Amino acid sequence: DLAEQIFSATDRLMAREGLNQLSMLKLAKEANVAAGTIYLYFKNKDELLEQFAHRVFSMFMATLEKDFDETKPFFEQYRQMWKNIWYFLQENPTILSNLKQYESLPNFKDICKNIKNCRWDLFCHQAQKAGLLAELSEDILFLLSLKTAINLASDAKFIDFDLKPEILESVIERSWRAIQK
């Protein structure tokens, strides 16, 4: 509500000026609220940025869950998560531009590590258990595979893949190919 307004303002301000240039006064300006109002919702910049990081990971998990179907073949589960990332990034240009900056958020590593049993980690376990995937760690598998969606995400490549979906399917299958046992 007012919190998402402020988080959304954090993205924009983080995209337009650096993460280093954020202040509670500036964020209040950018969210079109008085300086007092922002402090009603967060005690300080650290807390705001902590909760912001948590909102970012919450979106990431949302994206991995959308139209999840465990009855489908593992490839089609993978294809679905790849497309969810793709289309999420198409729809959210400020988030796309800010992806690299999020790694500098103070709470980012500490939040990232403490997520047990997320949708990707479970997919890798099931898929390894069925004999499909390489016995490599889940991080390395991600980097060889779903990460290609983040790697490729740009405006010119949204246009190209929508015109030639053959290319998008090729990239999905090839990125899957990389993590086959």
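Quick note: we count residues from 1 along the sequence shown, nothing fancier.
Look at the mean CA B-factor for 78 to 86 and for 102 to 110 in the entry; the higher one is 102 to 110. On average the C-alpha atoms of 120 to 128 have higher B-factors than those of the other stretch, with 120 to 128 and 57 to 65 being the two compared. Looking only at 40, 49, 141, 150, the residue with the top Cα B factor in the deposited structure is 40. When the CA B factors of the chain's modelled residues are split into thirds, the value for residue 20 lands in the highest one.
For residue 166, the recorded CA temperature factor ranks within the highest third of the chain's modelled residues. Remark: residue 180 belongs to the highest third of its chain, ranked by C-alpha B-factor as recorded.
Annotation for residue 44: C-alpha temperature factor in the middle third relative to the rest of the modelled chain, per the entry. In this PDB entry, residue 27 carries a Cα temperature factor that places it within the lowest third of its chain's modelled residues.
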